[PDB]
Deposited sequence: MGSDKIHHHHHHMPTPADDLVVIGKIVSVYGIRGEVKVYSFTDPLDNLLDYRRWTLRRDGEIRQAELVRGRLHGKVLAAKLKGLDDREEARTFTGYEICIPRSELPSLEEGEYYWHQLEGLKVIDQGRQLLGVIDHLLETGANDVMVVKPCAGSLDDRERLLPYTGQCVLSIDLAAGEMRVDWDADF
């Protein structure tokens, strides 16, 4: 009952961080799991996430006791796993009213409501008085799109083309 939330694919920098693709929704949610079960070719192994951040749409992660680029190379190809049970088992109504802001810092609007679609949920983004324009938009609730959600601040960071 191990599910895969990301994968270590290269190194980042020379002080031992690794480059990681994330499979979580929001994208940055991977950084909320301190205890990484790494698995490669049925070789299992444990790691602790000290800290990390996004660089575009990939992540850089600092693992405890991994302090140079050369040891870090050897982490390439490890799936980052966790027990099924450690997943939540958000509400739609918690996302309503969040300001939606694209990677260029443009305010696209506020989430008015969500739609069930038979695949990913869609967020209906309504323009407001400070919005970039007048257009309603419909964004998929996935990590390719939703990068970060801060409920306390009322903000969401997304990767989305405002022309689209």
Which parts of the deposited sequence have no C-alpha atoms in the model?
-> 1 to 18, 108 to 112
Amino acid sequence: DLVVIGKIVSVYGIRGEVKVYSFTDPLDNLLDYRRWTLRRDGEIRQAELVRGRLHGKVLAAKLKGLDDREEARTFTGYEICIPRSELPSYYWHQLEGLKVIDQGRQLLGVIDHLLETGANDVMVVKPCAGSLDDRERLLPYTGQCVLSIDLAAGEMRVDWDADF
From here on, numbers count along this sequence of modelled residues.
Using only the Cα atoms and their B-factors as the entry lists them, report which of 46 to 54 and 92 to 100 averages higher.
-> 92 to 100
Give the position of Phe23 by CA B-factor within its chain, expressed as the lowest, middle or highest third.
-> lowest
Just say lowest, middle or highest third for the CA B-factor of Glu155 relative to the other modelled residues in its chain.
-> highest
When the modelled residues of the chain are sorted by Cα temperature factor, does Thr37 land in the lowest, middle or highest third?
-> middle
In terms of the chain's CA B-factor thirds, is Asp67 lowest, middle or highest?
-> middle
Of the three thirds of the chain ranked by Cα temperature factor, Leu31 occupies the lowest
